[PDB]
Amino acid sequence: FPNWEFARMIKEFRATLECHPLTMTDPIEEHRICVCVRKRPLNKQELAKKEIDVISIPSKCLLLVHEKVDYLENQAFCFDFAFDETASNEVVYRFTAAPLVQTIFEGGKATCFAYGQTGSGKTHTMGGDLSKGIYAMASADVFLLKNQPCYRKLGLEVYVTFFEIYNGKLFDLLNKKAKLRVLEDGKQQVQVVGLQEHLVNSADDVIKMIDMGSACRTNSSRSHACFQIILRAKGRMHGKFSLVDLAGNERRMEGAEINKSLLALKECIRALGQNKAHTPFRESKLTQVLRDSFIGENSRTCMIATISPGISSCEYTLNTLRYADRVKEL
């Protein structure tokens, strides 16, 4: 009843729109830079306040934003994958993090980020509803891949880390929120001093670590959480996957550290894209710690831009989409 016949126009547009959504049998794609969008459904509180759903997904790659002016104006965005409200964590995982698990076994570096406004679904995507969770699904597949004959030969051990970044400070979530320190040497290599890697022999051990870690993390909407899977051959690093649940991108309080951090990340992803010798890693603790993952022939990244579909979040949604749009730009 409040926001005009805008809801009626949106419904009429949806009834005419013939859709071609993503399914689980669609072939997995191999991208150096994979940029996705994930729309979460309206919650019970949003449905109670009569929030209009202003997002449609007519294909595996296309996202539409419905704007009132006062007549319907539809804005289109194109991504590698667009996940609608029917997409489970399992479906999202398949097309994002899952193809990057093999990368770490070939001796590469992989990164996976969940980016978007607070309440959009980043933690739900990475950690789980409480149901997995990209961290758990990646961990499970790491242990399946290392039990295979090809890789069982390599003599690989699996280590894990889990830390958060808040106000330019790193805290170890597996070692009682200890304030670690990030150092850079004369060759631009970065080390997190005091960060202990934990040896794990099963995905069940990792789940206990994530749960141990998630219990620590607190507002958790103002911090980045980074979970790492590290493959070591004989103590020598073979491969690394870093999975990050970023701080909310929406904007007295502080959001200047977050915004510079997110801007720095975009530039680092963009630079990996262009196979550049230098990227502005130093501009944030997040990019400094992940420096190693934005360089190399066999370094790959995925970003999942999570969006809240309600009319009230429209401006924040457009900011998220505009940012994700500039992440994979030649």
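Just count from 1 along the sequence shown to find any residue number.
According to the entry, the deposited sequence has 4 to 9 residues without coordinates between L130 and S131. Missing deposited residues between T218 and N219: 4 to 9, all without coordinates in the entry. The stretch with the higher mean CA B factor, choosing between 204-212 and 157-165, is 204-212.
Taking the PDB entry as given, 140-148 carries the higher mean Cα B factor of the two stretches 223-231 and 140-148. Ranking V37, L262, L47, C268 by the C-alpha B-factor listed in the PDB entry places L47 at the top.
Comparing the C-alpha B-factors of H124, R252, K109, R94 in the entry, the top value falls on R252. The deposited CA B-factor of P280 belongs to the middle third of values across its chain. When the modelled residues of the chain are ordered by C-alpha B-factor, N298 sits in the highest third. In the PDB entry, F81 places in the lowest third of its chain by CA B-factor. When the CA B factors of the chain's modelled residues are split into thirds, the value for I28 lands in the highest one. In the PDB entry, a CA B factor belonging to the highest third of its chain's modelled residues is recorded for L199.
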